[PDB]
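Next comes just one chain, in structure tokens: the form deposited in one PDB entry.
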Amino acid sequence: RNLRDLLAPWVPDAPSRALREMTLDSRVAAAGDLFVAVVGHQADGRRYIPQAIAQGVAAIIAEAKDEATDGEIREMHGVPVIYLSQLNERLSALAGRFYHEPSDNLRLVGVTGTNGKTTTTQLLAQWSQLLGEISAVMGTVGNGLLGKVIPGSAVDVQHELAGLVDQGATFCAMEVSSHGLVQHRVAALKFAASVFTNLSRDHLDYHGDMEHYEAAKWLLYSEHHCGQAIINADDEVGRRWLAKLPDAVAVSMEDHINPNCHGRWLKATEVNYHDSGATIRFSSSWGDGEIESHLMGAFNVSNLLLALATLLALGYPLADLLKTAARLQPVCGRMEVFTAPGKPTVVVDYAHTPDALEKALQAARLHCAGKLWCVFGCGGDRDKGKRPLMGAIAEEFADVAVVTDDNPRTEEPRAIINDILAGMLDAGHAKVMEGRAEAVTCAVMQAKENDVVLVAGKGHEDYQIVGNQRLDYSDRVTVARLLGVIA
């Protein structure tokens, strides 16, 4: 790493200086490092230039705004300081070059939208790896090679991706936040493909409002290397995107493919939601097929079909994707199904707000021939507002509501429960069982063979906070034990 080589595309005159690490933070700036001084949210890194120089940085790249011309090379206390205008916009490219263009050294797939990012990225990484890639994810769980995912500027993004390349990754599925995009955090990434899941941005109901928002997004889009575009045609904004992108792949499970366009497409033609997942028949421009998904709910059919269409688009063979689909797993504690021969279907989900709970119940209902049970509670010593709302949701969208504890902390457990019940039209028909373990047991053992028991609120977590203590407790382990299986 050399300053001169780093800057060659932009500043031909730049001096030659060995560089160690690249950093935005003058505090962490070590000897031999490259300090980048950017202007941000009430904050000017340029004021920390003397600090970093005293900490022994090898060189500095600084925002030229008001202070210098673009590409002006100065020298303070020996150390070269180079000014670039619109540095925030160019940071991703600068960092890309610094870390030897990590997105050119693996297949990077970006997933954006309100919901389904985590699952869709997870499925992409899994499926690609099943087909022989070494796959990684960068998302809100964390970053890492599949199974080794550890829990954030444009530099950090390029640095993390470079780390994954170094660890041997050939494929990376990255969640892309709308916040990230607008702030140029992925501006210079070479995406092999870009997936759009959906949009639940309200405050867009005017055609004076909707227009600046869309215009801003179209512009940004035109500035990114998006690669192959894969778009959910069951979303209204999805169809607007598709109207203007003839090379994009449309994906649908609800009849929104317009085959007149002669584009690439993929649609589910029938889905049977059963007690251990979903059976999905689809047609596509790559040919037809049938998948057994071990994921629950309609949204997860959609996510799976997006992952499939993306991989097909990138040239992974249909036959191999089909042969491997059955090994695709849910994200731990996200509509995670537990079945055992001759027992009720049990689903562990982390849903802990009214919205999430409603979605999880609706999803579970599709798979439920019998009664749908909902085992849940609400956090103690936290905001109380959601309690009666979650109560009303359980009452409406389930047949049996079992109200129990969920991290009651220092608050009286029964007080929390009373707050939940107050939300119901007929609290008297709700079952209350204190001791979360006992409540789960009550549902699992009373439910019929074709009932579905949703156990909501904890998902992957392995603790129940009672008082000051984190006791060892898992919904997954509790369920697994009761059904005579492994978690």
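Note that residue numbering follows the sequence shown and begins at 1. Definition used throughout: the rigid core is the maximal C-alpha set that superposes within 1.5 Å between two forms.
Keep in mind that the form deposited in another entry is missing from the display, and what follows is about it.
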| query | finding |
| --- | --- |
| Listed options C374, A169, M296, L308; Cα moving by 2 angstroms or more between the shown form and the other one (core superposition) | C374 |
| Per-residue C-alpha change between the shown form and the other one, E411, threshold 2 Å, rigid core fit | yes |
| C-alpha of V346 moved at least 2 Å between the shown form and the other one on rigid core | yes |
| Core-aligned C-alpha movement of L204 between the shown form and the other one reaching 2 Å | yes |
| Cα-Cα trend for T112 and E214, given that in the other form the distance shifts by 3 Å or more | closer |
| Cα-Cα shift for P341 and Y273, closer or farther in the other form, minimum 3 Å | farther |
